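A lone chain, given as structure tokens: the form deposited without the RNA.
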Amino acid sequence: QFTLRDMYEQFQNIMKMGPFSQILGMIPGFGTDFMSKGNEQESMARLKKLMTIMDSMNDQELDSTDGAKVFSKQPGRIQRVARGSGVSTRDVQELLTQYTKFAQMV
């Protein structure tokens, strides 16, 4: 059941994530038309892959004020995330680069 209040709420959530989604599109490797009309599905697959990678990080890396510097101080962490998430270290490094870029804009 989809009410008018339900539609009101979805509109709030969509507006809220607007600034955020706009920043992401500015960052390399995300897609020029990230989360725009027609590109909603592909953009979600993207994020899902990045989330599965982040699922192999520990609390120290996730909660650190600057999660990039934790990995450069102990590069072994990069290969660990990659093995846990079943992805390549290139992918883990690519995400870390995007995170730094993002963090700097916020």
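Sequential numbering from 1, following the sequence displayed. Take the two forms, superpose them, and find the largest set of C-alpha atoms that agree within 1.5 Å; that set is the rigid core.
Heads up, the form solved in complex with the RNA isn't pictured, but that's what we're talking about next.
Colleague: Consider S43 of the chain shown here, and say whether it contacts the RNA in the entry with it bound, taking contact as heavy atoms within 4.5 Å.
Modeller: Because no heavy atom of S43 falls inside 4.5 Å of the RNA in the entry with it bound, the answer is no.
Colleague: Whether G84 contacts the RNA in the entry with it bound should be assessed with a 4.5 Å heavy atom distance threshold; does it?
Modeller: Contact check for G84: yes, within 4.5 Å of the RNA in the entry with it bound.
Colleague: Please determine whether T52 contacts the RNA in the entry with it bound, using a 4.5 Å cut-off between heavy atoms.
Modeller: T52: yes, in contact with the RNA in the entry with it bound.
Colleague: Taking the shortest heavy atom distance, is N58 within 4.5 Å of the RNA in the entry with it bound?
Modeller: Although the RNA is absent here, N58 would touch it in the entry with it bound, with heavy atoms inside 4.5 Å.
Colleague: At 4.5 Å, heavy atom to heavy atom, what parts of 70-84 sit next to the RNA in the entry with it bound? List them in sequence order, or say none.
Modeller: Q74, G76, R77, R80, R83, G84 sit within 4.5 Å of the partner.
Colleague: Is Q10 one of the residues whose C-alpha moves 2 Å or more between this form and the one not shown after the core fit?
Modeller: Comparing the forms between this form and the one not shown, which are aligned on their rigid core, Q10 does shift its C-alpha by 2 Å or more.
Colleague: Core superposed first: is there a CA shift of 2 Å or greater at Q22 between this form and the one not shown?
Modeller: Yes, the C-alpha position differs by at least 2 Å between this form and the one not shown.
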